[PDB]
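Chemist: What follows is a single structure, and I will ask about it in a moment.
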Amino acid sequence: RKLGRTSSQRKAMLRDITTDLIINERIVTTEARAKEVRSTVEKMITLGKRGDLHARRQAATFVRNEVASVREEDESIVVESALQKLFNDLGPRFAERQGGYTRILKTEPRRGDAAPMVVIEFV
Amino acid sequence: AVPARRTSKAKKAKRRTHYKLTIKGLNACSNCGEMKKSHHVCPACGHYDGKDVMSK
Amino acid sequence: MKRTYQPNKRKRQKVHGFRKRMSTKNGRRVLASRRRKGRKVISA
Amino acid sequence: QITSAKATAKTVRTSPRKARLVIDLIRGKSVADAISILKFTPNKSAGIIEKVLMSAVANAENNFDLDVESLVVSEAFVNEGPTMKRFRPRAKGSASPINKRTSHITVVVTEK
RNA sequence: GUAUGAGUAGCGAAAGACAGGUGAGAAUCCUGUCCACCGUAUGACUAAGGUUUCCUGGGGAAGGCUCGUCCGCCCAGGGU
RNA sequence: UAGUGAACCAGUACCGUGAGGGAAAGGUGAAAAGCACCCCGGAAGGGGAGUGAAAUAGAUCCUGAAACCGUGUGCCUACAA
RNA sequence: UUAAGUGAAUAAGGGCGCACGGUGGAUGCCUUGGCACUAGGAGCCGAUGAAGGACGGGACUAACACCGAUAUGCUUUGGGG
Ligand SMILES: [Zn+2]
């Protein structure tokens, strides 16, 4: 286990960060945030393969409720809502890929408070 | 309690022997030979053995 | 907590105002004694 | 010609304790070692001593010498600049002295 | 005027995260999203009190218990 | 630090509602002739080139002692109260 | 080659000396200012509005100084060039 803050604030933080790596797939943060988001997204990709009504109804916990990502239409506004993006991409990106879906980099310390920094991307 | 005297001129240095600054783990690039950190992205090259890592 | 030096505009002009060091003969000591010091601010 | 250009930094708004640490790690090394070590520091001296060395290199070029890559930082200094004195209210109504300091910093660059 | 203790104590109650901007440089500046705290009150109006801090446009040595491209700070104009 | 408190825009700034308490702070050069232009850096700060008899006389500016803090070197030091 | 013995030097740091730098203005020297007096002048101003001030008067206006809607000044007589 790891500790950064109080009890419920960790669940707050991990709902906060991890809607990116659903939208951007690039995040610039520190050591410990990177390793916790490793474990959580290593979980929450695998529940994007099933498509069960348990998968729709456990994705509504570690994903913020309605987060838009709209760059598409035909004549519409189609809202890839960061859970439909799960169940329409991440299964059909990781159809045969086994565990270990992400990569962590080691770039730089921080100008302000000496925070060593990390890029996270998937593939 | 209270410092009984001033610390004499010897003990300033004799404390501060173990107050050094150290920088370690610096190695040449795979692309420009600049002495950069092991296990770290080059800020100028941006490579892990021939990869356009910091690139769009 | 209450503390002391509290402001008004009537009180600090009808205690330390100009008239109420003219209406007696112990502010007239204070007037000439300050004019024999060179200090500008006489009173309010 | 003559070798050994110099350049001085004046009124550097830090201490000498936090600067003499850094110039433990320069004296005895070349220019290519110098900027390499100074790029990877988590300190305030990074913005300072780098520009001091860059001015030392430009004074070695534009005025005196050639052979930029064969230059050695021979000596350097951090010296105690004029202080600045302000106060802070400590508790129970009384005062307490708290310094602010500066420094004067020079770096000597010989050829070899 | 200068040390000493000593880069020790402390940095004066409280949840933030990402992306994108201008810029020499950003955890602190701006913009966008989500989350959170109070709600007979951290919401609204006024009488004293304060005496221009208000607005517009720039700067970063000082001030700001960190930085600071920002300010109730400074410079110049303009408002009752 | 003498000499009025006060040689300087002082009974002022500043403390006290009050009556009243009241400070430190003179000196470039003989003449600003107060460093055009080049270069680093956002700047400050600097290095050349110039002024000037002299700049370690560069506007915190005449000579510049102590305490304090740096640099490098001749000799000594890990069985010692 | 064995065996018994004798054993020098290298410093993370430090001491003593020399030499060079910074932060500080003690002292050298100087005065535009003070202190005590000499010798004379002079020893009141004021309902014909005083002693003191408030406010304002310049091309540029924050202060000092001079002045007062005739306002950084009006008129006359002598010195002056
Ligand atoms: Zn490289």
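Chemist: For B:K37, enumerate residues with amide H under 5 Å from its amide H, sequence gap 5+ or separate chain, H modeled in the peptide plane.
Modeler: It is B:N27, by chain and number.
Chemist: If you don't mind, another one. Residue-wise, which Karplus ³J(HN,Hα) couplings in Hz belong to region B:14-26, taking 6.51 cos²θ - 1.76 cosθ + 1.60, θ = phi - 60°, and x for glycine or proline?
Modeler: So the J values, rounded to whole Hz, are 5, 5, 6, 3, 9, 10, 8, 9, 10, 10, 9, x, 10.
Chemist: Going toward the positive end of the dipole of the protein assembly as shown, with +1 on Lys and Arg Cβ and -1 on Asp and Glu Cβ, which of A:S81, B:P3, A:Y101 do you reach last?
Modeler: Farthest towards the positive end: B:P3.
Chemist: Determine the calculated [θ] at 222 nm for the protein assembly as shown from helices alone, applying -39500 (n - 2.57) to every DSSP H run no shorter than 4 residues and normalising by the residue count; nearest 500 deg cm²/dmol.
Modeler: -6000 deg cm²/dmol
Chemist: Specify the angular offset, from 0 to 90 degrees and rounded to the nearest 10, of the alpha carbon long axis of helix D:46-59 from the longest principal axis of the alpha carbons in chain D.
Modeler: The two axes meet at around 40 degrees.
Chemist: Shifting gears a bit: Where does the charge balance sit around A:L47 when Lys and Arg score +1, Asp and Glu -1, over other residues with C-beta under 13 Å from its C-beta?
Modeler: +3
Chemist: Further question on the same structure: Just to confirm my numbers, what's the Cα centroid distance between region D:1-19 and chain C in Å?
Modeler: One Cα centre to the other: 59 Å.
Chemist: Could you state, as a whole-number percent, how many of the C-alpha pairs of the protein assembly as shown are farther apart than 38 Å?
Modeler: 53
Chemist: Across bins of 10 angstrom width beginning at 0, how are the C-alpha pair distances of chain C distributed, in whole percent?
Modeler: Bins of 10 Å from zero give 26, 43, 25, 6, 0 percent of pairs.
Chemist: Could you check the spin-label model distance between A:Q84 and A:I27? Points 7 Å from the Cα along Cα→Cβ, value in nm.
Modeler: About 2.4 nm, to one decimal.
Chemist: What percent does the relative contact order of chain D come to when contacts are Cα pairs within less than 8 Å and at least six residues apart? Show your work: numbers first, answer last.
Modeler: Working: 182 pairs, mean separation 48.8, N = 112.
Dividing the mean separation by the residue count of chain D yields 44 percent.
Chemist: Still on this structure, please answer the following. Using 7 Å Cα-to-Cβ label points, what is the A:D113/C:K14 separation (nm, one decimal)?
Modeler: 5.8
Chemist: Apply the Karplus parameterisation 6.51 cos²θ - 1.76 cosθ + 1.60, with θ equal to phi minus 60°, to every residue of region A:9-19 and state each ³J(HN,Hα) to the nearest whole Hz, in sequence, with x for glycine and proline.
Modeler: 6, 5, 5, 4, 4, 7, 6, 6, 5, 7, 8
Chemist: Rounded to the nearest 0.05, what FRET efficiency is calculated for D:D33 and D:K6 with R0 set to 22 Å and r the Cβ-Cβ distance?
Modeler: 0.70
Chemist: Distance between Cα centroids, region A:1-61 to region A:69-91: provide it in whole Å.
Modeler: Distance between centres, Cα-based: 19 Å.
Chemist: Pick out, from D:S45, D:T83, D:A19, the residue whose Cα sits farthest towards the positive end of the charge dipole of chain D, with +1 on the Cβ of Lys and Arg and -1 on the Cβ of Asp and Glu.
Modeler: So the residue furthest toward the plus end is D:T83.
Chemist: Next question, about the same structure. In sequence order, what are the phi-derived ³J(HN,Hα) couplings for region A:29-34 according to the Karplus relation 6.51 cos²θ - 1.76 cosθ + 1.60 with θ = phi - 60°, rounded to whole Hz, with x for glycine and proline?
Modeler: Result, rounded to whole Hz: 9, 8, 5, 6, 4, 5.
Chemist: Cross-chain or 8 or more residues apart, Cα under 23 Å: how many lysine pairs in chain D fit that? Count them up, please.
Modeler: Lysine pairs meeting the criterion: 27.
Chemist: Still on this structure, I have one more. Could you check the simple spin-label distance between B:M54 and B:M35, using points 7 Å along Cα→Cβ, in nm with one decimal?
Modeler: Spacing of the two 7 Å Cα→Cβ label points: 2.0 nm.
Chemist: Quick one: net charge around A:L83, please, counting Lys, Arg +1 and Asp, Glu -1 for every other residue with C-beta under 12 Å from its C-beta. Could the numbers behind the result be given before it?
Modeler: Working: positive: A:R56, A:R57, A:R64, A:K85; negative: A:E66, A:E80, A:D89.
Around A:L83, the charge tally is +1.
Chemist: Find the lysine pairs in chain A meeting two conditions, Cα atoms under 26 Å apart and a separation of 8 or more places or different chains, and report how many there are.
Modeler: 16
Here, each number is a calculation from the coordinates, and none is a lab measurement. Note that each Cβ is placed from the backbone with ideal geometry, even for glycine, and that neighbours are counted across all protein chains shown.
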